[PDB]
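See below for the structure under consideration.
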Amino acid sequence: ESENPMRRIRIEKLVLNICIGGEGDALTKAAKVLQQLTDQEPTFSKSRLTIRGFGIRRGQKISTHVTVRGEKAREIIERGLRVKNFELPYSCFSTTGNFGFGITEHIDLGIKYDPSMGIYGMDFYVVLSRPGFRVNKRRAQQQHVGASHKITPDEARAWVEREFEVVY
Amino acid sequence: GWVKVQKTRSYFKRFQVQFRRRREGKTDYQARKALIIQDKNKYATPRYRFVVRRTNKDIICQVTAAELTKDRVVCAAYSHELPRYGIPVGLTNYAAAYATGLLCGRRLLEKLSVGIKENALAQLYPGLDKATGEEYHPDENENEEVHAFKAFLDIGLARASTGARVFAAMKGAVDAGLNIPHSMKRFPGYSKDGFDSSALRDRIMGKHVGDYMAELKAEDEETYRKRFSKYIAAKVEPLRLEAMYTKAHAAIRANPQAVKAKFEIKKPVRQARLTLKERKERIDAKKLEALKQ
Amino acid sequence: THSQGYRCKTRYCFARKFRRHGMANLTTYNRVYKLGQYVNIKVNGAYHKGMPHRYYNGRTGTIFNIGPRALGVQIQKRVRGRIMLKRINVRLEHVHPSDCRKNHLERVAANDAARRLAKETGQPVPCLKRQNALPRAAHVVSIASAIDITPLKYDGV
Amino acid sequence: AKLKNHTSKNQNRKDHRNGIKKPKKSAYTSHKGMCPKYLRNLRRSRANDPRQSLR
Amino acid sequence: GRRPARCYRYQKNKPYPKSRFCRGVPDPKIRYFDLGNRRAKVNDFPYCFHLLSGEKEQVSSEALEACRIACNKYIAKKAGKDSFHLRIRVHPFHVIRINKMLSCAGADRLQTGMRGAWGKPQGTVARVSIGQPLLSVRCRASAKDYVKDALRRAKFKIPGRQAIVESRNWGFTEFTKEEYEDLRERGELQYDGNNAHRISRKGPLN
RNA sequence: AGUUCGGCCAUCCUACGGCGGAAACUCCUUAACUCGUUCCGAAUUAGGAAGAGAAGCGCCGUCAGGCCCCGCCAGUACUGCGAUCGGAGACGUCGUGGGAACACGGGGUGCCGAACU
RNA sequence: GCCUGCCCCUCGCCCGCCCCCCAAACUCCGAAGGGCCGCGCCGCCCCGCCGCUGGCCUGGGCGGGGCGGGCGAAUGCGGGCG
RNA sequence: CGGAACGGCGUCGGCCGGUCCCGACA
RNA sequence: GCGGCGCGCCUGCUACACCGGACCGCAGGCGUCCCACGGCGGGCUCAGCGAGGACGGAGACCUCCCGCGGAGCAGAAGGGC
């Protein structure tokens with residue numbers, strides 16, 4: 001009645017996403033917000049194509065993302081569950097056992113509201129990985145992971161329930 | 001909301017299976033092509049690729065020549081052979097690569113030399129006598145009459161990161177005598193200004209381990225127990241690493257001849273294929289499971 | 001034809017087959033070539049350099065020069081009423097070795113071997129020339145019970 | 001005046017009258033187009049010893 | 001007036017279909033190819049009667065629309081919409097061309113003559129082979145008496161000679177009157193709907 | 001048996017479910033260093049060796065998709081060259097030659113080298 | 001069936017399943033029929049030459065000497081060269 | 001009796017079928 | 001016939017499975033553009049099927065997953081990757 005110890009679940013990484021069109025310097029202003037929280041330099045993703053509704057024009061930086069892992073991942077995500085009152089919508093868990101939530105106010109995460117830094121909403125998405133997934137990413141011997149070892153959303157909701165005592 | 005399936009019989013019919021090695025991902029076909037394109041004029045004259053594969057517990061060096069079917073592994077030396085040569089632990093560090101290289105090179109020069117049984121090969125090409133970091137290109141000097149056996153380098157699919165283990169295995173073959181085309185910029189200590197004999201003289205001597213071992217004991221002895229457990233039981237203290245490397249290199253160069261070690265061929269159960277007449281029966285029983293119910 | 005490029009009218013010819021798209025098998029580059037070897041030529045789009053003109057496809061020739069990175073096939077092309085010995089330079093990938101006189105190379109040695117066995121025992125020599133089929137013999141055949149065949153009616157269609 | 005354009009009719013008979021003439025042995029193995037190095041090896045080797053066209 | 005149909009009669013040119021190279025195909029008049037009880041049970045329509053093609057020929061779309069309208073009406077008037085299934089099997093695909101010779105002729109004026117004769121597409125037309133079925137009328141027992149008449153009243157509208165045939169096959173279903181029935185007692189006929197197929201022995205069990 | 005370098009590139013694939021490891025391999029294991037990351041030791045490098053068959057991988061399934069073979073299709077469609085053969089034509093025969101394909105069954109599911117344990 | 005009650009129906013789309021007929025600038029497959037080359041010189045043993053090759057005593061070429069043999073599909077016909 | 005779509009209880013044949021010596025309501 | 005330019009050049013047809021095959025025949029282009037849109041070495045996987053995530057929906061981003069090329073390679077089309 002014991003699972004193999006490699007069958008545990010680990011938070012491989014957390015992505016942090018903003019989408020401030022491009023405005024005049026807004027993407028740079030979100031860079032400051034991401035830098036303090038993750039202690040990392042957020043990389044500016046770029047707009048693809050030029051569309052009418054938003055102001056992206058095939059070259060405006062439209063979003064900033066940093067991927068945080070390990071101890072930083074636990075604390076940044078734990079913040080995100082407290083501010084989301086330990087409640088998450090049930091459908092957030094996805095097919096590959098990846099789930100996300102929305103974070104109003106870069107300030108609500110304990111950052112001080114600033115006249116200089118205007119409120120910027122961000123969103124999160126946490127990727128759950130079963131030890132042994134290296135077979136999918138190694139430069140040599142790159143082969144797809146087997147069915148059992150892939151995290152099914154039901155199994156991951158159980159790891160989220162066990163990890164943060166959340167409710168849906 | 002209910003969608004199309006990617007694996008249609010159409011997709012499968014058009015699937016072009018890659019080469020068995022390409023699908024497995026062990027061999028990059030493009031590099032193999034350029035390393036093995038002998039110019040046609042020469043013909044039969046063979047071409048040697050010095051494979052230096054890397055593995056979790058072993059570093060494998062073998063000099064190979066690709067014939068139309070076989071790859072003709074000529075002479076081979078692996079990391080697991082090094083404890084016999086006196087290095088009990090650290091069988092996959094940078095220093096152990098520069099030993100794996102001497103192990104292969106000196107075996108190749110002697111194996112060709114004993115067949116030659118004349119004034120040729122190792123006496124003509126002792127190579128650098130000791131392990132030192134100075135730039136040494138074997139064929140760059142006299143290279144009189146019999147030329148140094150030159151084999152081109154096969155990094156495999158591993159990435160050429162500055163001073164990776166595979167670069168230091170090449171130096172080991174070069175120390176042995178085999179000319180392997182090289183520039184040493186990749187080797188650590190090659191600032192564009194110059195090549196540091198020191199950066200090599202210390203890494204070749206396994207002093208990378210020495211700094212960590214001594215520091216680990218001071219900051220956290222308990223971690224140093226778990227991290228370097230084999231080193232402690234073996235009794236190779238950080239100070240002793242330099243002596244171990246010099247002795248092993250000396251033994252490797254003088255007596256390369258390998259000795260056969262026995263292998264037990266264990267057979268796994270390998271439950272064999274169900275017989276075809278029985279194979280139809282399994283469906284026949286299932287048919288009853290649906291009909292009678 | 002109002003256009004005549006070096007690749008004119010090559011939609012289906014220079015295309016690779018159904019599931020052989022991809023790099024050449026490494027064997028093509030490795031195979032040995034000796035001056036005087038018949039080399040059948042099979043043009044491919046696998047590489048876009050060294051491709052001979054469409055006419056040169058299928059023209060078995062011998063290798064005049066084994067140059068570095070290339071081969072030199074001399075083929076016989078029909079122009080007017082004269083066969084011209086055109087010498088072309090192909091990259092090895094676009095060329096293949098030819099069986100051509102496969103039967104002959106085996107034939108001379110095998111026939112000679114039959115004589116070599118003959119020099120000892122086997123004093124009569126089996127006629128060492130191919131015979132163009134030749135016309136049957138007695139083959140008396142047993143009728144036994146033979147199925148009667150009757151032509152059928154225009155019914156089932 | 002509108003005239004004929006191009007038609008190979010009769011061209012085959014003209015060509016095969018006595019045609020299909022082999023290209024000739026002198027061009028069957030000519031040294032045009034051969035490796036420059038091969039040519040220098042063949043000439044220097046032939047000169048020494050038995051084919052001493054030299055004096 | 002679309003001209004007489006003898007002008008484009010016979011498969012004179014290689015099939016030229018509506019395509020990215022074709023432009024402005026006029027419009028097949030016939031837009032409806034199945035008339036009657038298209039929704040049908042394979043069991044409820046025992047016999048099928050077809051119109052076989054006497055000669056390789058080109059059949060105009062206006063004919064295919066014309067014939068469709070007339071043949072369908074006779075079964076509809078007597079047997080009823082419920083008792084007939086009408087399938088125009090030949091689709092108008094090839095688009096013939098028509099040469100335009102209009103206005104004055106001359107040098108640097110409106111081009112005239114057979115110079116530039118490629119015709120602007122017109123008359124979507126059908127390609128037929130000897131023995132290709134043109135029409136397929138499926139009926140219950142009730143319409144067996146009126147089925148042949150509906151096909152022939154409209155036979156004249158279809159160009160050239162044609163034949164009327166009773167299918168030894170049971171209905172549209174490929175199986176014959178006997179085979180269909182053999183697989184009706186043995187429970188071996190999956191009913192797809194308008195048509196049916198043998199259950200088969202292939203596929204994962206579950 | 002297992003690894004490495006390979007040859008031919010699906011009887012070698014793709015999907016699922018079992019079964020397995022002694023060694024070998026993988027997963028693993030951390031970041032003083034060499035290095036490495038549009039950000040991220042994910043990858044990659046360097047330095048390890050407490051676990052582990054859960055994956056990878058090797059073996060069996062499964063009226064499994066494909067892939068491969070043989071039937072069948074069928075002397076069928078087509079077609080080489082002959083007929084002052086038959087047709088208003090469309091076209092079709094007949095003489096002597098060839099001869100598909102898709103469906104549809106019945107099966108098959110890698111093998112060969114070189115080195116080392 | 002109802003302040004909105006969507007407590008959900010009928011047609012669609014979309015996805016599975018069959019079905020009817022097409023392509024000259026469509027092709028999983030792919031004939032007939034065409035093209036292109038060979039059908040006598042081999043097997044052995046040595047030995048030279050090379051400014052070329054290669055790690056070598058490795059190659060290939062090009063020669064020369066001995067030895068073991070030999071006319072090795074059918075049919076027509078003397079071919080070539082200015 | 002250049003030549004068709006259609007027609008011909010014109011004349012010789014053939015194919016697939018039902019009746020009728022319980023002789024084609026007695 | 002100067003209304004067009006098949007008057008030099010190219011792609012796919014027509015073209016009748018080696019090749020060569022006509023036409024004010026069809027479906028189209030060319031007369032340029034780019035020191036990066038070039039060479040090389042390294043890394044990488046693309047359009048997208050889904051299933052998820054502040055604002056955020058046909059649609060903008062960020063994730064995995066399955067991804068034989070269904071992407072883009074300066075422009076015609078066809079090969080090719």
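Labeling convention for the structure tokens: chains A, B, ... as they appear, residues from 1 per chain, ligands from 1 in order of appearance.
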
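Interface residues on chain B toward chain G (cut-off 8 Å, only C-alpha atoms (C1' of nucleotides)): residues 1, 2, 3, 4, 42, 43, 44, 45, 146, 147, 148, 149 and 150 of chain B.
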
| query | Residues of chain C within 12 Å of chain H, using only C-alpha atoms (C1' of nucleotides), as JSON, numbers by chain? | reply | {"C": [153, 154, 155]}

| query | Which of region 44-220 of chain B counts as helix (DSSP H, G or I) under DSSP, as an MDAnalysis selection string please? | reply | chainID B and resid 79:81 94:116 138:140 165:176 197:203 207:219

| request: Please return, as a ChimeraX atom specification, all residues of chain B lying within 9 Å of chain C when only C-alpha atoms are considered. | output: /B:14-19,29-30,32-33,36-44,66-69

Same residues, C-alpha atoms, output as an mmCIF file, in the first residue's frame:
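What follows is the written file out.cif:
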```
data_model
loop_
_atom_site.group_PDB
_atom_site.id
_atom_site.type_symbol
_atom_site.label_atom_id
_atom_site.label_comp_id
_atom_site.auth_asym_id
_atom_site.auth_seq_id
_atom_site.Cartn_x
_atom_site.Cartn_y
_atom_site.Cartn_z
ATOM 1 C CA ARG B 14 2.408 9.197 -43.763
ATOM 2 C CA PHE B 15 4.615 8.810 -40.682
ATOM 3 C CA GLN B 16 8.228 8.671 -41.922
ATOM 4 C CA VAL B 17 9.923 6.668 -39.156
ATOM 5 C CA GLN B 18 13.263 8.310 -38.399
ATOM 6 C CA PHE B 19 16.456 6.215 -38.424
ATOM 7 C CA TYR B 29 23.240 12.175 -38.094
ATOM 8 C CA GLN B 30 24.484 15.593 -39.379
ATOM 9 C CA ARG B 32 28.330 11.892 -38.163
ATOM 10 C CA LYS B 33 28.144 12.817 -41.812
ATOM 11 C CA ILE B 36 32.858 10.411 -41.679
ATOM 12 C CA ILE B 37 32.992 12.058 -45.158
ATOM 13 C CA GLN B 38 36.436 10.718 -46.154
ATOM 14 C CA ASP B 39 37.322 12.453 -49.438
ATOM 15 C CA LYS B 40 36.615 9.854 -52.151
ATOM 16 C CA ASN B 41 40.132 9.940 -53.727
ATOM 17 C CA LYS B 42 41.739 8.160 -50.748
ATOM 18 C CA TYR B 43 39.156 5.241 -50.760
ATOM 19 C CA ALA B 44 39.930 2.330 -48.330
ATOM 20 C CA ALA B 66 33.258 3.407 -39.548
ATOM 21 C CA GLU B 67 33.185 0.703 -42.223
ATOM 22 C CA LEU B 68 30.032 0.260 -44.391
ATOM 23 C CA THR B 69 28.365 -1.782 -41.628
#
```

| query | What are the DSSP strand (DSSP E) residues of chain A, as a PyMOL selection string? | reply | chain A and resi 10-17+43-46+61-68+98-103+122-129
